[PDB]
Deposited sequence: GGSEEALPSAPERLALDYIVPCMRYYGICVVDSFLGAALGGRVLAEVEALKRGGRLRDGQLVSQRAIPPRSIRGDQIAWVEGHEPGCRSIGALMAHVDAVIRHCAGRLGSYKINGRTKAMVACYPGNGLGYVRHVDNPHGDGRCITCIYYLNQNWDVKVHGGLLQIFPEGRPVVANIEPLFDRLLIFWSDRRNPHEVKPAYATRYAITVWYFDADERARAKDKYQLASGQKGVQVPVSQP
């Protein structure tokens, strides 16, 4: 067993099997995590992270879609490889899900505008995305001061998952009805990278209609090998 294999079998698999939610702290370590943050901010400064209106209407996310091989996206690429490796090692142990592919990385800036995101389900209408992964980059973050707490309400288990958006934290959860969630108002700028993994059969059905998500949120790219 390699380090990502050990993490999957001893931790991620039983977490996803039972709670459908998994949190991994110090996922990349301080050094590479630092390098990922550096690149995201460099993307932000280059004007590479790009609509307001769709009770709450006004958004504010500045996003870019990163494949991983672009100039100054190497560390982001390395993050994706590490997340991929972890998902690879879960194959056949998460149930019926065949995960062949995923979205590109959604590198995102979430400014402290004092607004949260209302209770939502990532994939309400069978668009093919089965697993959401969010990698957070916020150092010195205190929720009681800066807000921005994620709360997931899993349908299987009578609990609240209160997830602080902490630097070098990987969050993994089912994208469908099982995990409705809301992000509380925040009062400082945040960065996070999100990938969604596709279920082969569900995304095939979705494409057979056209119930796939719009834009890059519905564009498939293969999962990395070792």
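Undergrad: Please give the gaps, as residue ranges numbered from 1 in the deposited sequence, where no C-alpha is present.
TA: 1 to 7, 58 to 59, 64 to 68 are the stretches of the deposited chain that have no C-alpha coordinates in the structure.
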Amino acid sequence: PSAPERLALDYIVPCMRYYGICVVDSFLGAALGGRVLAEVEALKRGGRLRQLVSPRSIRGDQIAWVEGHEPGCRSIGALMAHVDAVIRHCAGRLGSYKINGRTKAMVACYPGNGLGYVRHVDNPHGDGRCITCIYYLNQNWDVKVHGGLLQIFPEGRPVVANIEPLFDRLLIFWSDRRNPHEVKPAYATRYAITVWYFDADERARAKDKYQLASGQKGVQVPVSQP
From here on, numbers count along this sequence of modelled residues.
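Undergrad: When the Cα temperature factors in the entry are averaged, is it 24 to 32 or 56 to 64 that ends up higher?
TA: The recorded data point to 56 to 64.
Undergrad: Quick one: higher average CA temperature factor, 188 to 196 or 39 to 47?
TA: Between 188 to 196 and 39 to 47, it is 39 to 47 that shows the higher mean C-alpha B-factor.
Undergrad: Within this chain, which third does the Cα B-factor at residue 181 fall in: lowest, middle or highest?
TA: As the PDB entry reports it, the C-alpha B-factor of residue 181 lands in the lowest third of its chain.
Undergrad: Looking at the temperature factor on the CA atom of residue 129, which third of the chain's modelled residues does it land in?
TA: It falls in the bottom third of the chain.
Undergrad: Grab the CA temperature factor for residue 159 from the record and place it in the lowest, middle or highest third of its chain.
TA: It falls in the top third of the chain.
Undergrad: Splitting the chain's C-alpha B-factors into thirds, which one does residue 104 fall into?
TA: Answer is lowest: the recorded C-alpha B-factor places it there.
Undergrad: Would you please rank residue 15 by its C-alpha temperature factor against the other modelled residues of its chain and give the third it falls in: lowest, middle or highest?
TA: Its C-alpha B-factor, which the entry lists for residue 15, ranks in the lowest third among residues of this chain.
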